[PDB]
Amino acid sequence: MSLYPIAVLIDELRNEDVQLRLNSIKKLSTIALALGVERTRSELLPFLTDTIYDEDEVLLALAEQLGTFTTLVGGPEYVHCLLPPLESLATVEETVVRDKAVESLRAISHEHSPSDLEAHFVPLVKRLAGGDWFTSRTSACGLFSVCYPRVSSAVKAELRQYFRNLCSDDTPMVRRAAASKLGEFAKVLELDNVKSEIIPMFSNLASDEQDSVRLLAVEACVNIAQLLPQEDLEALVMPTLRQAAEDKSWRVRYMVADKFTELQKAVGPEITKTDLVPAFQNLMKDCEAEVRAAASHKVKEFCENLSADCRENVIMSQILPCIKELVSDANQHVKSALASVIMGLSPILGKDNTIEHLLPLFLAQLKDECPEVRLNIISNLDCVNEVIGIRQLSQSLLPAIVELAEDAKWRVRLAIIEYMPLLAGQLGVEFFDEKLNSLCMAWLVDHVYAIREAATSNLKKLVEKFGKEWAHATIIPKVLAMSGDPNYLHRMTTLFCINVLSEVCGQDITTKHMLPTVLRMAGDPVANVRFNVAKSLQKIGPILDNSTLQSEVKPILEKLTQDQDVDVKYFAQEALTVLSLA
């Protein structure tokens, strides 16, 4: 290479424009390469250490850069040269930059022979750990676990000291820092200390004055528990997690709840039925609706994980009592959360109990105002149909299904239409006919085109789920009656149903009573109804045999081409160059 271009990149590092400055930072390998490896060590490094003063982007890159510079500096024997600049950057106010520096520090720590690692890298951690600036001290929290193993016990002794120190730091920043690295730290400590050190402090932070600090602890809970033998729990872990669930901060408690099952599956089925149930009970009855909601949206999976022996017993002696409440709750997000899974219970209490214990509730929910709630009560059918009577239900969601089928808020209506195809097969064909057919036929004459369009496309999927025969029974008779509706909208709705019912109803019925209409509609006064018939053919064309396609299909289409309506010509002449009847 020629030097000019590199000379430029170097100068660029000290230039006004931030993008140029950012560019050279990104070509640092090519600068270090061009310099020696000893000049990189004696020239480029000193320079990059001073600075540590610009904007995120630049600093953030400089930090990431220095993380991949071990060989460029001269292999592991000099990886410690990299420390001054990374140390500097770890002091910066920007926590996104500090984050990188630490990340890089950890990376290159694994280039430190237990010697260096102990001769330089650990002094680093302590200088940071004991630094005047809380920024510095915050970054120390994340350098412990990467060098705990590879050092002498005298050292490990020290590291354990500093950490406990950082854990009692005057600044909530550091304390937070600490309580968050606790997890990855205990994971490198020998169970002795993990019970003598990690526990007392996971206990203190988890009971800090700073809400911010407490929830951070409660996270480590899980990581901590899975580093101790099941016996120890009740005395080391559970005392803390006990008060956490009783925490004054609705946020902390909320954490407990959202992390409930992750806890149980780490606290053992014993301690679960032991302590968690009395707790979980307190949550489902928490004053803060946000907590209750979180809880109620767990009740299902929490129960599917109780030891077989006690399970069915608590589910009905410990849980049920609280759910009877969570149904008549004032907060509709709570109720909405419950009803969305309250049904995953039956496949745990069997028929009888599901009929005298879950039905009175499952019923009381279904008849709730909030459309969101009763909307969930319908989403989870199969969920409980495989364990009880479809009719013992079909006599409860009578209005529920109707009510939603005709809510002022058309969105609500679109909501239930989405589910009729499923609610259908799960209620026989006759029930739909002698009940849910009146409603599925009312939507097709709905004011809102979206509901009409969504009730149309719904028919198709209401035959692939009921046989192309049932379509001729209690379906097309009406779809043809709409061709008589005095409104071209409600009328066009008829052609739209055909354009869809042809796709799945057999050429028999299709060319039977469905094609006779489309032809007759071609004489409709409203052009919007006329070109929508010329379109119905270019669509349904193929499904029909080349036989009928010649008979009266082209005669009409060639007639429409001869309409005085601009838009009717096009969809009749452009409708032929698609049916081969061109």
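The numbering used is simple: start at 1 and walk along the sequence shown.
- The deposited model assigns a higher average Cα B-factor to 442-450 than to the other stretch when 442-450 and 176-184 are compared.
- Taking the mean C-alpha B-factor of each stretch as recorded, 525-533 and 65-73 are not equal, and the higher mean is that of 525-533.
- Reading the B-factor column for the CA atoms of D50, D54, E38, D545 in the entry, the top value corresponds to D545.
- Highest C-alpha temperature factor among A90, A129, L381, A157, as the PDB entry reports it: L381.
- Sorting the modelled residues of the chain by their CA temperature factor places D170 in the lowest third.
- Among the modelled residues of its chain, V412 has a C-alpha B-factor that falls in the middle third according to the deposited record.
- When the CA B factors of the chain's modelled residues are split into thirds, the value for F280 lands in the middle one.
- In this PDB entry, the Cα temperature factor of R491 sits in the middle third of its chain's modelled residues.
- The PDB entry assigns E356 a C-alpha temperature factor belonging to the highest third of its chain's modelled residues.
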